[PDB]
Amino acid sequence: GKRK
Amino acid sequence: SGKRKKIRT
Amino acid sequence: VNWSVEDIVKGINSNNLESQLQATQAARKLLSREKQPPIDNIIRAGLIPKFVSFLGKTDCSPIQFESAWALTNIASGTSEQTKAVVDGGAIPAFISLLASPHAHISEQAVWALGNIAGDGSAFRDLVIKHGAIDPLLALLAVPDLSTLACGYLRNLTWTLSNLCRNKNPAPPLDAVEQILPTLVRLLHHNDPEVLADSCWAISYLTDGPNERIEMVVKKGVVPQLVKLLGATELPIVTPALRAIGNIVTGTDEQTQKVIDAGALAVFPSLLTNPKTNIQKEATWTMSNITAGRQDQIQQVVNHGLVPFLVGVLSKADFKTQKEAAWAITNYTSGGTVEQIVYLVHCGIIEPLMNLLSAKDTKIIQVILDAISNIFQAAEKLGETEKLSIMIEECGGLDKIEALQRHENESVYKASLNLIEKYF
């Protein structure tokens, strides 16, 4: 999943 | 460019 | 020149506007000196309220200017120094000066408001509540930005970027919506400092939830951002890349707009860029692209970027190597068997194994997860043994066996599971  | 604050000299 | 604070006070306390002007200019010169400007001594002399009242002297424009410059420089300091300016009443007085017929006074007010807003979210929001946005944007409501003086436009862009900046909270949604059409226009301007600060503003606005990203992407700026990603000036590339990176942290559809705009064709250069921070932020961006859909992974493949990820894993600053490890774990979590096979054919195994010698627990966990995902793909092809041999040949089995006896529990569990199942 994405990592901000 | 990008500085939080800028002093005028 | 070189007045004492005592003499400045004496002149400012005279009942003589010209004596006050001369003393205020002397304060401005003291505050303008390159080394250790005596901000606190001026504050402690009590001069901020006088400066603030001088901002309102429409019949004496020179003293408006000198006091604006003095207060700009006081506000350029610590939060306590900026607070002293705000507590003097300066915000509405500067906003009133935005409408001055003297361009050098309007610009000085722009600058001061940028320092105040740049302090942090509370002063930013207070500048907005006093009504700064309308008159700032009115200064840029011209048919062609190129008719404005360059320094003035740069200061306007910089101040608008500080109204876009900071989090907890992010700027008011309605303020962002008000500013964005002007920011879009500034992003197409041809001055490098305007472009840099416009990019910084967009990078702030895309640093947050996907709804904020969407507000920016809907304005159609992603193609201009990708063009700027290609600029030769590092002050432009840095914020353009930060903004692109932020956008691909969003939905798969937001990421696809970056891909459609041609961004991946710039990554051969970004992933080999001599500036460490560019390589690191490019690899972070790649890791959020490889966390996307299989057809987006496929675009990474088609653009020839897997060899570049192998390169960054093999040799780069450690922080960049960590982002690369993340990019590989995301790739192998989301990819097809064919895509994962391709990764192995590009040489991922040996550099991955070499990074198991790092003293950072998180990167070890990430690499073990990736190795597991690759083994799963191998299981579906019946090639687990071939992969085991490859891992053993490059020294990887030794490193995993060692990791069985590791302080962190998740590391030990993962290593033992790998060995029992495949070795």
# chains A, B, ... in the order shown; residues from 1 in each chain; ligands from 1
$ residues_around --residues "residue 9 (chain B)" --least-positions-apart "4" --cutoff "10 Å" --atoms "only C-alpha atoms" --output "PyMOL selection string"
chain C and resi 28-34+69+73
$ residues_around --residues "residue 7 (chain B)" --least-positions-apart "3" --cutoff "12 Å" --atoms "only C-alpha atoms" --output "PyMOL selection string"
(chain B and resi 3-4) or (chain C and resi 28+31-37+39+69-78+82+108+111-112+114-116)
$ write_last_selection --atoms "N, CA and C atoms" --output "mmCIF file, in the first residue's frame"
data_model
loop_
_atom_site.group_PDB
_atom_site.id
_atom_site.type_symbol
_atom_site.label_atom_id
_atom_site.label_comp_id
_atom_site.auth_asym_id
_atom_site.auth_seq_id
_atom_site.Cartn_x
_atom_site.Cartn_y
_atom_site.Cartn_z
ATOM 1 N N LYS B 3 11.742 29.057 1.330
ATOM 2 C CA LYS B 3 12.090 29.401 2.702
ATOM 3 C C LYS B 3 10.827 29.692 3.495
ATOM 4 N N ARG B 4 10.808 29.312 4.781
ATOM 5 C CA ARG B 4 9.688 29.675 5.661
ATOM 6 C C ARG B 4 9.578 31.190 5.835
ATOM 7 N N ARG C 28 15.618 50.460 10.340
ATOM 8 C CA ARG C 28 15.616 49.562 9.191
ATOM 9 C C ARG C 28 17.037 49.178 8.794
ATOM 10 N N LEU C 31 18.367 46.709 11.249
ATOM 11 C CA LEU C 31 17.721 45.391 11.055
ATOM 12 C C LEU C 31 18.088 44.729 9.754
ATOM 13 N N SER C 32 18.729 45.449 8.862
ATOM 14 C CA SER C 32 19.126 44.969 7.561
ATOM 15 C C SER C 32 20.569 44.513 7.479
ATOM 16 N N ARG C 33 21.326 44.599 8.560
ATOM 17 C CA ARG C 33 22.749 44.286 8.526
ATOM 18 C C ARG C 33 22.940 42.773 8.484
ATOM 19 N N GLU C 34 23.999 42.349 7.789
ATOM 20 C CA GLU C 34 24.114 40.940 7.417
ATOM 21 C C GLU C 34 24.258 40.044 8.646
ATOM 22 N N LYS C 35 24.942 40.516 9.684
ATOM 23 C CA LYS C 35 25.257 39.682 10.839
ATOM 24 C C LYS C 35 24.537 40.169 12.090
ATOM 25 N N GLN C 36 23.830 39.244 12.735
ATOM 26 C CA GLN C 36 23.208 39.456 14.038
ATOM 27 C C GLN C 36 22.384 40.744 14.148
ATOM 28 N N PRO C 37 21.358 40.911 13.323
ATOM 29 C CA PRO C 37 20.505 42.116 13.450
ATOM 30 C C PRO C 37 19.846 42.143 14.814
ATOM 31 N N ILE C 39 17.260 42.204 16.579
ATOM 32 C CA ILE C 39 15.806 42.145 16.616
ATOM 33 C C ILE C 39 15.306 42.323 18.044
ATOM 34 N N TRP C 69 9.533 47.608 6.118
ATOM 35 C CA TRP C 69 10.775 46.865 6.013
ATOM 36 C C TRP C 69 11.306 46.464 7.386
ATOM 37 N N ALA C 70 11.310 47.413 8.330
ATOM 38 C CA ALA C 70 11.698 47.081 9.703
ATOM 39 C C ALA C 70 10.853 45.915 10.265
ATOM 40 N N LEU C 71 9.530 45.986 10.090
ATOM 41 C CA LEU C 71 8.658 44.986 10.684
ATOM 42 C C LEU C 71 8.793 43.664 9.954
ATOM 43 N N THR C 72 9.024 43.691 8.626
ATOM 44 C CA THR C 72 9.332 42.484 7.858
ATOM 45 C C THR C 72 10.504 41.750 8.471
ATOM 46 N N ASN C 73 11.533 42.509 8.855
ATOM 47 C CA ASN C 73 12.750 41.849 9.317
ATOM 48 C C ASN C 73 12.592 41.350 10.739
ATOM 49 N N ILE C 74 11.845 42.055 11.555
ATOM 50 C CA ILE C 74 11.506 41.513 12.870
ATOM 51 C C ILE C 74 10.687 40.219 12.706
ATOM 52 N N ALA C 75 9.700 40.237 11.827
ATOM 53 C CA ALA C 75 8.866 39.048 11.595
ATOM 54 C C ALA C 75 9.593 37.890 10.927
ATOM 55 N N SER C 76 10.786 38.114 10.401
ATOM 56 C CA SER C 76 11.572 37.082 9.772
ATOM 57 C C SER C 76 12.293 36.188 10.786
ATOM 58 N N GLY C 77 12.184 36.486 12.061
ATOM 59 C CA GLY C 77 12.968 35.801 13.076
ATOM 60 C C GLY C 77 12.254 34.598 13.676
ATOM 61 N N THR C 78 12.380 34.427 14.979
ATOM 62 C CA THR C 78 11.771 33.314 15.684
ATOM 63 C C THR C 78 10.252 33.476 15.776
ATOM 64 N N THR C 82 8.053 36.924 15.541
ATOM 65 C CA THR C 82 6.923 37.120 14.644
ATOM 66 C C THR C 82 5.684 37.465 15.442
ATOM 67 N N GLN C 108 6.487 45.362 -0.032
ATOM 68 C CA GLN C 108 6.991 45.136 1.320
ATOM 69 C C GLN C 108 5.915 44.521 2.221
ATOM 70 N N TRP C 111 5.655 40.850 1.422
ATOM 71 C CA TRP C 111 6.764 40.163 2.062
ATOM 72 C C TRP C 111 6.484 39.938 3.542
ATOM 73 N N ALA C 112 6.048 40.981 4.237
ATOM 74 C CA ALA C 112 5.805 40.863 5.669
ATOM 75 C C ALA C 112 4.726 39.816 5.942
ATOM 76 N N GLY C 114 4.038 37.260 4.132
ATOM 77 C CA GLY C 114 4.644 35.967 3.907
ATOM 78 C C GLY C 114 5.428 35.486 5.099
ATOM 79 N N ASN C 115 6.157 36.399 5.775
ATOM 80 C CA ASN C 115 6.876 35.976 6.976
ATOM 81 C C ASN C 115 5.902 35.559 8.081
ATOM 82 N N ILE C 116 4.825 36.335 8.250
ATOM 83 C CA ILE C 116 3.875 36.056 9.313
ATOM 84 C C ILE C 116 3.198 34.712 9.043
#
$ closest_atom_pairs --of "region 143-257 of chain C" --to "chain A" --cutoff "8 Å" --atoms "only C-alpha atoms" --output "Markdown table"
| residue | atom | partner | partner_atom | distance |
| --- | --- | --- | --- | --- |
| C:207 | CA | A:4 | CA | 7.7 |
| C:208 | CA | A:4 | CA | 7.7 |
| C:246 | CA | A:4 | CA | 7.0 |
| C:249 | CA | A:2 | CA | 5.4 |
| C:250 | CA | A:2 | CA | 7.4 |
$ write_last_selection --atoms "N, CA, C and O atoms" --output "PDB file, in the first residue's frame"
ATOM      1  N   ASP C 207       0.241  17.311  -0.045  1.00  0.00           N
ATOM      2  CA  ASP C 207       0.750  16.609   1.125  1.00  0.00           C
ATOM      3  C   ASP C 207      -0.412  16.455   2.117  1.00  0.00           C
ATOM      4  O   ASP C 207      -0.615  17.280   3.005  1.00  0.00           O
ATOM      5  N   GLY C 208      -1.206  15.402   1.943  1.00  0.00           N
ATOM      6  CA  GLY C 208      -2.337  15.165   2.823  1.00  0.00           C
ATOM      7  C   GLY C 208      -3.293  14.134   2.249  1.00  0.00           C
ATOM      8  O   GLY C 208      -2.911  13.310   1.393  1.00  0.00           O
ATOM      9  N   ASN C 246       3.859  13.155  -3.915  1.00  0.00           N
ATOM     10  CA  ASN C 246       2.657  13.268  -3.096  1.00  0.00           C
ATOM     11  C   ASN C 246       1.448  12.762  -3.856  1.00  0.00           C
ATOM     12  O   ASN C 246       0.628  12.049  -3.286  1.00  0.00           O
ATOM     13  N   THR C 249       0.897   9.151  -3.940  1.00  0.00           N
ATOM     14  CA  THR C 249       0.454   8.511  -2.695  1.00  0.00           C
ATOM     15  C   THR C 249      -1.072   8.369  -2.618  1.00  0.00           C
ATOM     16  O   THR C 249      -1.575   7.861  -1.604  1.00  0.00           O
ATOM     17  N   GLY C 250      -1.801   8.837  -3.623  1.00  0.00           N
ATOM     18  CA  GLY C 250      -3.238   8.944  -3.579  1.00  0.00           C
ATOM     19  C   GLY C 250      -3.886   7.697  -4.174  1.00  0.00           C
ATOM     20  O   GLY C 250      -3.387   6.584  -3.992  1.00  0.00           O
TER      21      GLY C 250
END
$ closest_residue --among "C:18, C:40, C:197, C:80" --to "chain B" --atoms "only C-alpha atoms"
C:197
$ closest_residue --among "C:210, C:269, C:53, C:417" --to "chain A" --atoms "only C-alpha atoms"
C:210
$ residues_around --residues "residue 252 (chain C)" --least-positions-apart "3" --cutoff "9 Å" --atoms "only C-alpha atoms" --output "ChimeraX atom specification"
/C:248-249,255-257,289,292-293,296
$ atom_distance --atom1 "CA of residue 350 (chain C)" --atom2 "CA of residue 394 (chain C)"
6.0 Å
$ residues_around --residues "residue 346 (chain C)" --least-positions-apart "2" --cutoff "8 Å" --atoms "only C-alpha atoms" --output "PyMOL selection string"
chain C and resi 306-307+310+342-344+348
$ select_by_dssp --residues "region 71-202 of chain C" --states "helix (DSSP H, G or I)" --output "ChimeraX atom specification"
/C:71-75,79-87,90-97,103-117,121-129,133-139,145-147,150-164,173-186,192-202
$ decode --residues "chain B" --atoms "N, CA and C atoms" --output "compact mmCIF listing (two decimals), in the first residue's frame"
# COMPACT_ATOMS: atom_id res chain seq x y z
N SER B 1 13.84 30.44 -3.04
CA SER B 1 12.52 29.80 -3.07
C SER B 1 12.39 28.74 -1.98
N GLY B 2 11.18 28.57 -1.41
CA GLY B 2 10.90 27.53 -0.41
C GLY B 2 11.18 27.88 1.05
N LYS B 3 11.74 29.06 1.33
CA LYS B 3 12.09 29.40 2.70
C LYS B 3 10.83 29.69 3.50
N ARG B 4 10.81 29.31 4.78
CA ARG B 4 9.69 29.68 5.66
C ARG B 4 9.58 31.19 5.83
N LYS B 5 10.72 31.85 6.08
CA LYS B 5 10.79 33.27 6.37
C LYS B 5 12.01 33.83 5.67
N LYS B 6 11.97 35.13 5.35
CA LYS B 6 13.01 35.77 4.54
C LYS B 6 13.26 37.14 5.15
N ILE B 7 14.51 37.45 5.40
CA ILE B 7 14.90 38.76 5.92
C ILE B 7 15.31 39.60 4.71
N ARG B 8 14.98 40.89 4.71
CA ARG B 8 15.35 41.75 3.60
C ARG B 8 16.63 42.50 3.96
N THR B 9 17.68 42.24 3.22
CA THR B 9 18.95 42.95 3.43
C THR B 9 19.20 43.93 2.26
